[PDB]
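Okay, so here's the structure we're looking at.
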Ligand SMILES: CC(=O)N[C@H]1[C@H](O[C@H]2[C@@H](O)[C@@H](CO)O[C@@H](O[C@H]3[C@H](O)[C@@H](O)[C@H](O)O[C@@H]3CO)[C@@H]2O)O[C@H](CO)[C@@H](O)[C@@H]1O[C@@H]1O[C@H](CO)[C@H](O)[C@H](O)[C@H]1O
Ligand SMILES: [Cl-]
Ligand SMILES: [Cl-]
Ligand SMILES: [Cl-]
Ligand SMILES: [Cl-]
Ligand SMILES: [Cl-]
């Protein structure tokens, strides 16, 4: 059934290439943000952050947080989410990037800044969503 948000999905032994993480949920009406945070302890290896109202625009911000400091943002103006609507996010771990698809369409890639993939052992899911499922498999 429904999952509680914020939700913490353990990734035992960290991530590896060919691991596929699938998140299903629905965006709340009047949403402000969604965030997926792949964590290495206190560090955020990959923060994927759709913003519904940044200066009255919709944008996806991606970044990494090391020692409590955010790095250089990567921004994507292609925005597949909509308030009130169900979505599927798939994150595929590849050798050199995370690859993100939304509703079965490729969205973006993010080059690995944190290189100890085996230590990226939690995924935090937060924001203005109803969360239906969060799981992983190997492809
Ligand atoms: C205030 C807030 O929303 N804090 C969030 C945190 O948000 C930061 C990230 O999204 C980064 C990504 O680059 O951007 C930061 O804003 C940038 C902005 O994009 C730039 O235009 C501007 O120049 O600089 C600012 C600041 O660098 C966001 O502030 O995201 C994390 C990870 O999802 C959240 O945890 C955090 O929310 C707080 O989390 C706390 C627990 O860790 C508490 O729950 C607290 O109540 C939250 O506010
Ligand atoms: Cl961790
Ligand atoms: Cl922060
Ligand atoms: Cl919207
Ligand atoms: Cl790759
Ligand atoms: Cl590292």
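Residue numbers (the entry's author numbering): 112 to 250. Virtual Cβ for every residue (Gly too), placed ideally from N, Cα, C.
- Summarising the contact set, residues whose Cβ lies nearer than 6 Å to any heavy atom of ligand 2 are, in chain order, 150, 151, 152, 232 and 233.
- Residues of the same chain with a CB within less than 6 Å of the CB of residue 246, apart from the 5 flanking positions on each side, are 133 in chain order.
- Taking non-hydrogen atoms of ligand 5 into account, the C-beta of residue 217 is found less than 7 Å away from none of them.
- Going by beta carbons, residue 131 and residue 177 fall outside the 8 Å limit.
- Take residue 200, set aside five residues on each side of it, and the residues of its chain with a beta-carbon closer than 6 Å to its own are 134 and 213, in chain order.
- Taking C-beta separations shorter than 6 Å and ignoring five residues to either side along the sequence, the partners of residue 228 in its chain run 125 and 126, following chain order.
- The beta-carbon distance between residue 169 and residue 250, rounded to whole angstroms, is 30 Å. This is too long to meet the 8 Å contact definition.
- For residue 235, DSSP records a beta bridge to 119 and 148.
- Our two residues, residue 139 and residue 119, have alpha carbons roughly 19 Å apart in a direct line.
- Counted as a single uninterrupted DSSP element, the stretch harbouring residue 182 is not any beta strand (DSSP E), since DSSP gives it neither H nor E.
- For residue 211, the number of other beta carbons within 10 angstroms of its own is at least 16, and it is reported as buried.
- Inter-residue distance for residue 196 and residue 226 is about 35 Å (C-alpha atoms, whole angstroms).
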